[PDB]
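Here's the structure we're looking at; comments come further down.
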Amino acid sequence: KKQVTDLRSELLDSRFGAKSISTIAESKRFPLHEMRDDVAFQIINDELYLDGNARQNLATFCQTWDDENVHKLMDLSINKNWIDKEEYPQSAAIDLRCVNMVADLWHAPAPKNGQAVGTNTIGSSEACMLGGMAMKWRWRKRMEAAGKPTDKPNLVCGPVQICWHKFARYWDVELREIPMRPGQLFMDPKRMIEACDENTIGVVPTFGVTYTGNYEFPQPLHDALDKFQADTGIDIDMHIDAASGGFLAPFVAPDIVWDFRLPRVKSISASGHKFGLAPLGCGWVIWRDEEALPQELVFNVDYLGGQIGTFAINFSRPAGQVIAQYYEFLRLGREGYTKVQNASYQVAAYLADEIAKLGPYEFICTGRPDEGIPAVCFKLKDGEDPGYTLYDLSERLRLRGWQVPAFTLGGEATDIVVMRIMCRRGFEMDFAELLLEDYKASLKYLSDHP
Amino acid sequence: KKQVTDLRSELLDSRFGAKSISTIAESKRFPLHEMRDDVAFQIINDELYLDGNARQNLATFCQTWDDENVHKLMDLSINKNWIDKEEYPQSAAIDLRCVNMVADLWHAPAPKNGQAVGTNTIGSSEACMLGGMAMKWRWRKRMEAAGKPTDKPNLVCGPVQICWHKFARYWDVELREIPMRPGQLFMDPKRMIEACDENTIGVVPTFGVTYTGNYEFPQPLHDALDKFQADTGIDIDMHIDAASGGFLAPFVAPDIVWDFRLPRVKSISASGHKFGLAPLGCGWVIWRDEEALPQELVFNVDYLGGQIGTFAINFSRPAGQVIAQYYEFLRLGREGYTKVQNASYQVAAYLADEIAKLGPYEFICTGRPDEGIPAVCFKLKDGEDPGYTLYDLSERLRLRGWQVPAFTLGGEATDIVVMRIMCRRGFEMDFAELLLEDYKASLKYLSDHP
Amino acid sequence: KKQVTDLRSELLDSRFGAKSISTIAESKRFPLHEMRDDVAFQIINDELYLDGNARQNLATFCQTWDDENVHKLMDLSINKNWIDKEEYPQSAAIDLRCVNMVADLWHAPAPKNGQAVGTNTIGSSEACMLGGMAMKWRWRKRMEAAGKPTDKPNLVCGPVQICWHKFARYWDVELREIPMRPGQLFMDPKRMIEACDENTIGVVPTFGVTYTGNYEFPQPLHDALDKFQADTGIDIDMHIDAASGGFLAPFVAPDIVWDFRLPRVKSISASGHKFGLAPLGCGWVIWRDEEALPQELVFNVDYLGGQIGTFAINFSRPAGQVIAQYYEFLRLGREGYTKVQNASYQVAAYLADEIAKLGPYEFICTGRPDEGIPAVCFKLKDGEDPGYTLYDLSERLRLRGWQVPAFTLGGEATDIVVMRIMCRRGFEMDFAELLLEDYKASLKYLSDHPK
Amino acid sequence: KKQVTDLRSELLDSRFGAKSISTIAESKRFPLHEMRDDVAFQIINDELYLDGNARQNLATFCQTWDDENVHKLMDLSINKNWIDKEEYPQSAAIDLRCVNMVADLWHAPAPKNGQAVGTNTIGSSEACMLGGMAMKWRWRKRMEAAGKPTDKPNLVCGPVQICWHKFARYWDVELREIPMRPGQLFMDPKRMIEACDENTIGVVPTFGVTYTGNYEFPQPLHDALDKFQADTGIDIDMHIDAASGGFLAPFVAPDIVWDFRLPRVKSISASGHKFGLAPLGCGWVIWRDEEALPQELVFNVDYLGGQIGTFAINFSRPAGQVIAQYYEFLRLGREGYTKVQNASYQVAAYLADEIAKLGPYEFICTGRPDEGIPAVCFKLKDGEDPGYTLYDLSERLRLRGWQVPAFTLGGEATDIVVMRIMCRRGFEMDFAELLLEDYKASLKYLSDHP
Ligand SMILES: *Cc1c(COP(=O)(O)O)cnc(C)c1O
Ligand SMILES: *Cc1c(COP(=O)(O)O)cnc(C)c1O
Ligand SMILES: *Cc1c(COP(=O)(O)O)cnc(C)c1O
Ligand SMILES: *Cc1c(COP(=O)(O)O)cnc(C)c1O
Ligand SMILES: [Br-]
Ligand SMILES: [Br-]
Ligand SMILES: [Br-]
Ligand SMILES: [Br-]
Ligand SMILES: [Br-]
Ligand SMILES: [Br-]
Ligand SMILES: [Br-]
Ligand SMILES: [Br-]
Ligand SMILES: [Br-]
Ligand SMILES: [Br-]
Ligand SMILES: [Br-]
Ligand SMILES: [Br-]
Ligand SMILES: [Br-]
Ligand SMILES: [Br-]
Ligand SMILES: [Br-]
Ligand SMILES: [Br-]
């Protein structure tokens, strides 16, 4: 009989009075029975509060805010499968438009074909691996032609992001990473060349180093490679990892030569969901021409009576991000992006200037558009001790919900501890002022409590 | 004067009356100026109508519908980055619960420290490549131990999905694919063994073949491999590609032994956004134990005063799907999933029965839960000419917005043309009846027009 | 133990997991029990996907898009009964303001009572029948005065829309329809006169012919009728069927004299839900003065102390459309409408120009504001053969969701097959370009597959 | 120089601080310029408040409330054109399902080919005119056959609704309306017959008289017509005007024989937007068989290879209501409707009982389901005077927003003043109690102020 009583409650009982919400959520085995949808939702929604406030997350590089239209486009495309080119043809079409534009944006040679050579991706990581395989294949072919061994390929680069380490491991490539050293936290021409040989599949400059936020200018490295060929006959290509810079420089530092204007640059990759203003789940990779992308890596698909080529490690995935990306392009344009990016740099500059007045800080990065991304990276002046450590400050800030990372650099600077503040879209001046206030407040506390 | 008149219009002009919407959308170069967001949105929204109705797309296997709560959870997590374990800790937590849960659904051995060994992925593709590298590495190690060459690895499998071909290409592995042949459109024990040798990294059965919708039972293949070892001493492992079956059999055919109940199965993968009921952008891969996943492939990350391992090709990406998947698990449970899956099978069976009464057909798949996924896959009886070809029929149906594919099988059955109807969640009986009606209607037309 | 088991499911089951959605929808008898509202809704919502995409329906003349405000106004007025003038007084009031504004747009003589004479309708059809009865009654009275028989009334017109045929049938009037003939797909002065007599209740020019999209200019027909009276003493009135043109010309071709500027025009009708930008369910009909509308057809109703006359076939009905129409008027005004209408003509012109370069077509309408509505109408150049009929092409386009009709004209042109593309609000340039693309694509396929 | 200001203002000004809202709305000529959409909306929205509260409108018979789903279905179908059968096929399909269902509800002979004869309409009015022409045509044909004059047709009826008067006028038919008289406010058998002749096209009983809310039982009238034919050989048909009753009796008084169970009833009409629970803009008319509907009144249109007849005065119009009506049918069914209608009757009965205790009243309708619609209709007992008139009361109640009509009956009862309260869906008991309270309060005031 109670089954009826209990059943009436499953019905009328409120949400927090419901019996279904009186136990802890399952975490070990697949649940047995179904439950009130509202309770299940409520439970998960509430658990998520423990993630903290994304808008206050100053560690991430990825977008933490989206405009109303992107939200709608995403919900509208929650089921559009980016991979089924023939089934969702217009989405496929839009994707191609974006490839042209990004390629265009990066000064790629006008596609005489009428359609730039590139592809969308879940993020820069996939993009990089695509670019990676591209290089390994191009290299492999070249060596086989000159009848040389192709079993000891290596990749030369500076302080790259973890995904390159992953590439090297998964595709068995020796990663020759020029280490960071006091005074030079990046790959310089000299040390680069000293690492190149006939087995080098390419060099990967990082146009926007994660750890520091500074650009790794390709120009000088490009020259060095030109000379290197003149001296050894070894022709080395470049792949720019512009996850960050890719959607920054083009708008606020158009004179920095880092893209396809450089001959050795055969491919560029960037994260659309970082400064590209697209929602998480979007990356881009562009090749300078059909000759830069080995046909053996491309798998053709049926697209509108013809055949379009694909090259992606993933398969089925939402098309929402690409659609949104295209939206931001049409809605903002160069003008728009510039204004938005400036806003970020403006804030980064401000914080850098202000924070400098509150302690013995040596700034590694101060949001100068001609030097890198809208970031503020710094460490304690060597030797000097203010009473705290950057780790300490960080913690204090976390008490107000802020996530401002404090970490050690790598290579030959493992004893240098820096703090890095990222100024993404949606971290307006007024909001950043609050950060500053809590920063001053934190110092005061650390002072009164040695 | 003019600029002000123009501007006042840019301000009061209605959406369609405005000047910004009087030109074709940009598709070749990055836009120069910003424009009214409502126009930009409208343009894109409308272009998307050319994608067709996803609910009527009977070709895809991925979810084309999501409940109200998933929509909310997705919008709420539009900016949660699944990769930043330390920054969005609870999302990370929830993900782990999921793995546990999936591993449980597949009989994985009682996990160690309360946490099964697995990872979430963008889709089955990434999952499979993860499982792939796992095998190659396990094999490589083994061979090096016995001091044998590891430069000629091959993978044995039946009619796999394109991602495996991609795996083989990207990771340089010989793909030995047992071809489909009339009467046997899958990998049989005999032909499998004839393809295995000491260089075989593993066998990949496809628990839910795409082309036909039928299961490729691992049991028989497993026995064959047991014997094979007894005769050659060669121990071969399996990796089940359960993109489809993975979230079907467990609920409607629990007695089919295909998972971890089989000793040789070291890893299983499945598409969460297919029959897992998760929105696009979610896949799963589980390993039998810590010994099946080579530590060299794992990159530890900081997480809750300790180190957690991560294995993925991607990096930054939305955590929405994993959060949603967890939701569907708690809200539905075995009971729920069963009910939902049954609904699908019920429809597939209905269509298969009805369609049979309208033409000279030989069914390859008829929505039998004990044979495979909820799909209807048939062909014209060898030697019959009803007046039309399945291609013709597909096109007549598209006239009503339906997408019912007609294609040729591969291997030794390249001259066999089949039609395949997928019955996903959200293709209820009443809705399928309408397909049937249009089906009958199409036949009538094709009849009246020889 | 089973009813509770099954009940708990009714409660907890998923939408599609639910048992209620495991059967086909009822279609023969009134359902017996109630069911989960969400399921019932889901079922219907999904069936509707089979209607196709309205935005891609290039056959219809009626609005296929509405702004956010109209949507709200409609939702807000889902229960306001347009007929209960005394119960929903302000709606009634707003309605009247519209009649005044339409009458003003059409130059109707300025009313001295302050309120023009006209009424709102569900659509042009009802409007036309109201205008029809008006004429029959005016005629009937006139004849009875001159002591003549009133049992053989006829109506003269060109290629009218089906509703007129319906009028003729329902109200027993002989319909003398001047047939379309190659080179002249409309009613010309000469053939018109040859059909008029003392039994003719009136002539109905169609200011925006459906089949071709061209205007049927009243000016010349008006003159002809003036002469006709001078020679026979027979005074014939006109009723313009401006379902389309009514809300087009006034903004993009103000010089075309077709409205009340013409003396014989006693009444005009137009579809508000067509180019009037109102949501489906709105039409208008205006009379030039209180003398053009026979009081015997009017039913006065109590309205705020005084009296107000009601002339309409339908009784109860949504006031939403009227309210929305008024909104569009205030929000857009002449300026607004003009910009919107231009956008349409602009697209129609573009398509017409581009499609012409793809084959041996002879155009019947190129979207010129001075000739007709925003539409592109055409046929295959007489005696030509590119390897396909316009019907085939139509089909090829349906495969992309487009609905572009291909049909045969009537009268003496029954062997001429045309295709007609309608460019309504919400068929922006970028969107139309996609149509063009698919059009080129269709031709290519038809080419590679002669069979 | 001032313009640029007016513009900047028209851009930032709030809705009410804007200049566009400082003038009275245009009401004489078509506006010249466009204006801020928000202002235009606001203006109209606010004017509409002067309409009063529809939920409190107890004079109307039409729905004044709709469930959330109907609202969505209506918004979803704001652009579906009910007339374009070929262009919006499924809506057309749904429509037909309703026709069968209503026919089934009224006991029409089970259709011959799975489809009953009838059509949807904007409201009962159009439905009645369709039924009217039907009769005139049937009659006309009959007479022509027997070679008799067809220029003096008349229609016999009781206290019909205004639309019939309109029918008579527009289609030139003599309306013989048996007048209401004290003690008999409806058409009785005897006076009906005394009005019938060979020129009578039919008799129209009103199954739910507006003025009083009581049913006009067809049974007795039907018998009288049977006899009439036996004595004169004149066969007269009936057309029931069940605008109200049509969707009431079937559920709460199934034993009242008034529909197609009666042989002479060749057509029935009813307002779906009244007690059919459909939103305004929906009516129905059903014919007993293909022989009752003159093919000359039908016009055919191409629909799915075939064709279907369309009898309808209107043309283009929304399909939302029909779609909603179908929804209410499936969601409620007999069970549902019965529960909803009972709720209304229950309220009507309650008010009738309570109001009777407040003054010297004589009731004409007390919400009995076996006598008529859920309404309360009373007058002051003859020659009795409480100190007011039903007009005063009506007015006093209006002061609280209530619209409770007080009017005089017609015919030979023009000196009888009645008050009529309509109890539609959405006038629940608790709500009605408030009316009662204000009713008592009104009486008290009228008492203290002679
Ligand atoms: C952030 C970043 C990546 C990773 O890109 P995702 O979008 O996370 O896939 C790779 N390289 C660099 C230099 C980065 O900053
Ligand atoms: C659909 C499918 C895949 C690809 O799944 P994704 O989610 O797109 O990665 C892989 N394998 C099989 C057997 C499949 O059916
Ligand atoms: C569309 C049209 C009609 C029909 O009027 P509705 O508003 O659709 O009821 C009548 N006449 C003409 C000339 C039309 O174009
Ligand atoms: C309300 C009513 C009508 C009017 O029909 P509408 O649905 O209002 O168009 C006609 N007859 C009767 C008996 C009515 O009650
Ligand atoms: Br609560
Ligand atoms: Br609650
Ligand atoms: Br956001
Ligand atoms: Br340093
Ligand atoms: Br507009
Ligand atoms: Br707008
Ligand atoms: Br959805
Ligand atoms: Br076969
Ligand atoms: Br579900
Ligand atoms: Br649900
Ligand atoms: Br819309
Ligand atoms: Br012609
Ligand atoms: Br304000
Ligand atoms: Br405001
Ligand atoms: Br409501
Ligand atoms: Br009485």
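Following the order of the structure tokens, chains are lettered A, B, ..., residues in each are numbered from 1, and ligands are numbered from 1.
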
Output the contact residues of chain B with respect to chain C at a cut-off of 6 Å, based on only C-alpha atoms, as a PDB file with C-alpha atoms, in the first residue's frame.
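Okay, this is what ended up in selection33.pdb:
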ATOM      1  CA  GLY B  17      14.720  47.118 -44.104  1.00  0.00           C
ATOM      2  CA  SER B  22      21.208  44.366 -48.554  1.00  0.00           C
ATOM      3  CA  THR B  23      24.448  42.662 -49.563  1.00  0.00           C
ATOM      4  CA  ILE B  24      25.599  39.045 -49.718  1.00  0.00           C
ATOM      5  CA  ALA B  25      27.559  37.735 -46.725  1.00  0.00           C
ATOM      6  CA  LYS B 339      12.834   2.232 -21.809  1.00  0.00           C
ATOM      7  CA  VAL B 340      14.364   4.722 -24.216  1.00  0.00           C
ATOM      8  CA  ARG B 398      14.352  13.788 -49.671  1.00  0.00           C
ATOM      9  CA  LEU B 399      11.547  15.711 -51.384  1.00  0.00           C
ATOM     10  CA  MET B 429       6.293   5.751 -33.523  1.00  0.00           C
ATOM     11  CA  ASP B 430       3.893   8.467 -34.685  1.00  0.00           C
TER      12      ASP B 430
END

Point to revise | 7 Å contacts from chain D to chain B using only C-alpha atoms, as JSON, numbers by chain | key: {"D": [4, 7, 34, 35, 36]}

Write to file, as a PDB file, in the first residue's frame, the residues of the selection just made, with N, CA and C atoms.
ATOM      1  N   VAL D   4      22.825  65.690 -34.807  1.00  0.00           N
ATOM      2  CA  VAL D   4      23.700  64.711 -34.182  1.00  0.00           C
ATOM      3  C   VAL D   4      23.381  64.513 -32.705  1.00  0.00           C
ATOM      4  N   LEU D   7      19.948  62.580 -32.416  1.00  0.00           N
ATOM      5  CA  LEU D   7      20.240  61.193 -32.752  1.00  0.00           C
ATOM      6  C   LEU D   7      20.825  60.511 -31.533  1.00  0.00           C
ATOM      7  N   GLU D  34       9.692  56.244 -39.529  1.00  0.00           N
ATOM      8  CA  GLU D  34       9.745  55.085 -38.654  1.00  0.00           C
ATOM      9  C   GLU D  34      10.193  55.582 -37.284  1.00  0.00           C
ATOM     10  N   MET D  35       9.943  54.793 -36.244  1.00  0.00           N
ATOM     11  CA  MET D  35      10.331  55.202 -34.897  1.00  0.00           C
ATOM     12  C   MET D  35      10.911  54.053 -34.109  1.00  0.00           C
ATOM     13  N   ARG D  36      11.421  54.347 -32.918  1.00  0.00           N
ATOM     14  CA  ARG D  36      11.996  53.304 -32.080  1.00  0.00           C
ATOM     15  C   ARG D  36      10.952  52.225 -31.832  1.00  0.00           C
TER      16      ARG D  36
END

Exercise for review: Could you give me, as a ChimeraX atom specification, every polymer residue with an atom at most 7 Å away from an atom of ligand 20, counting only C-alpha atoms and all ligand atoms?
Suggested key: /D:182-183,364

Practice item. Give me the residues within 10 Å of residue 331 in chain A as a PyMOL selection string, counting only C-alpha atoms and dropping any in the same chain fewer than 3 places off. Key: (chain A and resi 325-328+334-337) or (chain B and resi 31+33-41)

Point to revise | Test item: residues no farther than 12 Å from ligand 16, counting only C-alpha atoms and all ligand atoms, as an MDAnalysis selection string | key: chainID C and resid 180:186 211:212 361:365 377:382 408:418

Review point. Counting only C-alpha atoms and all ligand atoms, which protein, DNA or RNA residues come within 10 Å of ligand 2, given as a PyMOL selection string?
Key: (chain A and resi 81-84+313-317) or (chain B and resi 60-62+121-129+159-164+204-211+213+240-245+269-274+280-284)

Practice item. With a distance cut-off of 10 Å and only C-alpha atoms, select the neighbouring residues of range 98-110 of chain C, excluding the residue or stretch itself and same-chain residues fewer than 4 positions from it, and output the selection as number ranges by chain. Key: C: 93-94, 114-120, 246-247, 249-251, 254, 257-262, 265-270, 284-289, 322-323, 325-327, 329, 334; D: 26-31

Review point. Could you name the residues that touch residue 186 in chain A at 8 Å or less, counting only C-alpha atoms, but leaving out those on the same chain fewer than 6 positions away, as a ChimeraX atom specification?
Key: /A:158-159,178-180,216

Please report, as a PDB file with N, CA and C atoms, in the first residue's frame, each residue of range 245-335 of chain A to which DSSP assigns alpha helix (DSSP H) when run on this structure's backbone.
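Dumped everything to states.pdb:
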ATOM      1  N   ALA A 249      47.725  39.973 -32.874  1.00  0.00           N
ATOM      2  CA  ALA A 249      48.594  40.793 -33.712  1.00  0.00           C
ATOM      3  C   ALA A 249      47.907  41.359 -34.961  1.00  0.00           C
ATOM      4  N   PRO A 250      47.236  40.512 -35.746  1.00  0.00           N
ATOM      5  CA  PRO A 250      46.568  41.005 -36.951  1.00  0.00           C
ATOM      6  C   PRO A 250      45.744  42.264 -36.745  1.00  0.00           C
ATOM      7  N   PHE A 251      45.286  42.476 -35.521  1.00  0.00           N
ATOM      8  CA  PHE A 251      44.452  43.631 -35.235  1.00  0.00           C
ATOM      9  C   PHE A 251      45.151  44.766 -34.494  1.00  0.00           C
ATOM     10  N   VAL A 252      46.085  44.437 -33.607  1.00  0.00           N
ATOM     11  CA  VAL A 252      46.756  45.468 -32.832  1.00  0.00           C
ATOM     12  C   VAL A 252      48.253  45.658 -33.081  1.00  0.00           C
ATOM     13  N   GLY A 320      28.287  24.106 -33.681  1.00  0.00           N
ATOM     14  CA  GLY A 320      27.966  25.373 -33.051  1.00  0.00           C
ATOM     15  C   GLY A 320      29.109  26.373 -33.012  1.00  0.00           C
ATOM     16  N   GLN A 321      30.270  25.945 -32.536  1.00  0.00           N
ATOM     17  CA  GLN A 321      31.400  26.850 -32.440  1.00  0.00           C
ATOM     18  C   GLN A 321      31.786  27.473 -33.773  1.00  0.00           C
ATOM     19  N   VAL A 322      31.855  26.668 -34.823  1.00  0.00           N
ATOM     20  CA  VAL A 322      32.249  27.215 -36.111  1.00  0.00           C
ATOM     21  C   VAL A 322      31.221  28.281 -36.525  1.00  0.00           C
ATOM     22  N   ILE A 323      29.940  27.946 -36.411  1.00  0.00           N
ATOM     23  CA  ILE A 323      28.874  28.872 -36.743  1.00  0.00           C
ATOM     24  C   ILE A 323      29.016  30.157 -35.936  1.00  0.00           C
ATOM     25  N   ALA A 324      29.336  30.022 -34.653  1.00  0.00           N
ATOM     26  CA  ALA A 324      29.497  31.183 -33.779  1.00  0.00           C
ATOM     27  C   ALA A 324      30.693  32.001 -34.217  1.00  0.00           C
ATOM     28  N   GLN A 325      31.785  31.318 -34.525  1.00  0.00           N
ATOM     29  CA  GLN A 325      33.014  31.958 -34.973  1.00  0.00           C
ATOM     30  C   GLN A 325      32.722  32.864 -36.163  1.00  0.00           C
ATOM     31  N   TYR A 326      31.995  32.314 -37.126  1.00  0.00           N
ATOM     32  CA  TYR A 326      31.633  33.051 -38.320  1.00  0.00           C
ATOM     33  C   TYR A 326      30.815  34.272 -37.928  1.00  0.00           C
ATOM     34  N   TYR A 327      29.952  34.102 -36.932  1.00  0.00           N
ATOM     35  CA  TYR A 327      29.127  35.196 -36.455  1.00  0.00           C
ATOM     36  C   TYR A 327      30.012  36.319 -35.944  1.00  0.00           C
ATOM     37  N   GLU A 328      30.914  35.996 -35.024  1.00  0.00           N
ATOM     38  CA  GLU A 328      31.788  37.019 -34.483  1.00  0.00           C
ATOM     39  C   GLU A 328      32.556  37.719 -35.592  1.00  0.00           C
ATOM     40  N   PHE A 329      32.932  36.989 -36.638  1.00  0.00           N
ATOM     41  CA  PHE A 329      33.649  37.601 -37.753  1.00  0.00           C
ATOM     42  C   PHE A 329      32.792  38.664 -38.434  1.00  0.00           C
ATOM     43  N   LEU A 330      31.590  38.290 -38.869  1.00  0.00           N
ATOM     44  CA  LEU A 330      30.704  39.246 -39.540  1.00  0.00           C
ATOM     45  C   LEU A 330      30.243  40.399 -38.666  1.00  0.00           C
ATOM     46  N   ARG A 331      29.999  40.112 -37.391  1.00  0.00           N
ATOM     47  CA  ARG A 331      29.509  41.132 -36.468  1.00  0.00           C
ATOM     48  C   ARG A 331      30.574  42.111 -36.008  1.00  0.00           C
ATOM     49  N   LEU A 332      31.811  41.645 -35.891  1.00  0.00           N
ATOM     50  CA  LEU A 332      32.879  42.519 -35.435  1.00  0.00           C
ATOM     51  C   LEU A 332      33.806  43.012 -36.520  1.00  0.00           C
ATOM     52  N   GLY A 333      34.295  42.105 -37.360  1.00  0.00           N
ATOM     53  CA  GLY A 333      35.216  42.498 -38.415  1.00  0.00           C
ATOM     54  C   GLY A 333      36.509  43.005 -37.797  1.00  0.00           C
ATOM     55  N   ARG A 334      37.435  43.480 -38.623  1.00  0.00           N
ATOM     56  CA  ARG A 334      38.692  43.995 -38.100  1.00  0.00           C
ATOM     57  C   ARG A 334      38.402  45.089 -37.068  1.00  0.00           C
ATOM     58  N   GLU A 335      37.528  46.031 -37.427  1.00  0.00           N
ATOM     59  CA  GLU A 335      37.160  47.122 -36.525  1.00  0.00           C
ATOM     60  C   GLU A 335      36.767  46.560 -35.164  1.00  0.00           C
TER      61      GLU A 335
END

Exercise for review: DSSP on the backbone, then: every residue of range 91-175 of chain A marked strand (DSSP E), written as a VMD selection string.
Suggested key: chain A and resid 117 to 121 154 to 157 174 to 175

Exercise for review: For residue 286 in chain B, list every protein, DNA or RNA residue within 7 Å, evaluated using only C-alpha atoms, and leave out those in the same chain fewer than 5 positions away; present the list as a PyMOL selection string.
Suggested key: chain B and resi 103+117-119+267-269

Same residues, N, CA and C atoms, saved as a PDB file, in the first residue's frame:
ATOM      1  N   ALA B 103      32.620   2.198 -16.946  1.00  0.00           N
ATOM      2  CA  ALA B 103      33.406   1.012 -16.691  1.00  0.00           C
ATOM      3  C   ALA B 103      32.493  -0.027 -16.016  1.00  0.00           C
ATOM      4  N   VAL B 117      39.783   3.040 -14.662  1.00  0.00           N
ATOM      5  CA  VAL B 117      40.771   3.619 -15.566  1.00  0.00           C
ATOM      6  C   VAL B 117      40.136   3.951 -16.899  1.00  0.00           C
ATOM      7  N   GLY B 118      39.986   5.231 -17.169  1.00  0.00           N
ATOM      8  CA  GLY B 118      39.400   5.617 -18.430  1.00  0.00           C
ATOM      9  C   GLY B 118      39.435   7.110 -18.605  1.00  0.00           C
ATOM     10  N   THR B 119      38.854   7.567 -19.693  1.00  0.00           N
ATOM     11  CA  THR B 119      38.818   8.984 -19.921  1.00  0.00           C
ATOM     12  C   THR B 119      37.675   9.334 -20.822  1.00  0.00           C
ATOM     13  N   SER B 267      40.516  -2.903 -23.678  1.00  0.00           N
ATOM     14  CA  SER B 267      39.936  -1.576 -23.778  1.00  0.00           C
ATOM     15  C   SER B 267      38.664  -1.560 -24.625  1.00  0.00           C
ATOM     16  N   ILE B 268      37.727  -0.697 -24.243  1.00  0.00           N
ATOM     17  CA  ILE B 268      36.462  -0.548 -24.946  1.00  0.00           C
ATOM     18  C   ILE B 268      36.202   0.931 -25.158  1.00  0.00           C
ATOM     19  N   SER B 269      35.589   1.270 -26.284  1.00  0.00           N
ATOM     20  CA  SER B 269      35.304   2.657 -26.579  1.00  0.00           C
ATOM     21  C   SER B 269      33.875   2.747 -27.071  1.00  0.00           C
TER      22      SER B 269
END

Please report as a tab-separated table every residue of chain C lying within 10 Å of ligand 3, along with the nearest atom pair and their distance in Å (one decimal), using only C-alpha atoms and all ligand atoms.
residue	atom	partner	partner_atom_place_in_ligand_line	distance
C:60	CA	ligand 3	1 (C)	8.5
C:61	CA	ligand 3	1 (C)	6.5
C:62	CA	ligand 3	8 (O)	7.3
C:121	CA	ligand 3	7 (O)	8.5
C:122	CA	ligand 3	9 (O)	6.9
C:123	CA	ligand 3	7 (O)	3.5
C:124	CA	ligand 3	7 (O)	3.5
C:125	CA	ligand 3	9 (O)	3.8
C:126	CA	ligand 3	9 (O)	6.5
C:127	CA	ligand 3	9 (O)	7.8
C:128	CA	ligand 3	10 (C)	7.2
C:129	CA	ligand 3	10 (C)	9.9
C:159	CA	ligand 3	13 (C)	8.8
C:160	CA	ligand 3	13 (C)	6.0
C:161	CA	ligand 3	11 (N)	4.8
C:162	CA	ligand 3	10 (C)	7.2
C:163	CA	ligand 3	10 (C)	5.9
C:164	CA	ligand 3	10 (C)	7.6
C:204	CA	ligand 3	13 (C)	9.9
C:205	CA	ligand 3	13 (C)	8.9
C:206	CA	ligand 3	13 (C)	5.6
C:207	CA	ligand 3	13 (C)	7.0
C:208	CA	ligand 3	13 (C)	6.1
C:209	CA	ligand 3	13 (C)	5.6
C:210	CA	ligand 3	15 (O)	4.9
C:211	CA	ligand 3	15 (O)	8.6
C:213	CA	ligand 3	15 (O)	8.7
C:215	CA	ligand 3	13 (C)	9.9
C:240	CA	ligand 3	13 (C)	9.1
C:241	CA	ligand 3	13 (C)	5.5
C:242	CA	ligand 3	13 (C)	6.2
C:243	CA	ligand 3	12 (C)	4.9
C:244	CA	ligand 3	15 (O)	5.6
C:245	CA	ligand 3	15 (O)	8.7
C:269	CA	ligand 3	11 (N)	8.5
C:270	CA	ligand 3	7 (O)	7.1
C:271	CA	ligand 3	7 (O)	4.4
C:272	CA	ligand 3	7 (O)	7.2
C:273	CA	ligand 3	7 (O)	6.7
C:274	CA	ligand 3	7 (O)	7.1
C:280	CA	ligand 3	7 (O)	8.2
C:281	CA	ligand 3	7 (O)	7.6
C:282	CA	ligand 3	7 (O)	7.0
C:283	CA	ligand 3	7 (O)	5.8
C:284	CA	ligand 3	7 (O)	8.7
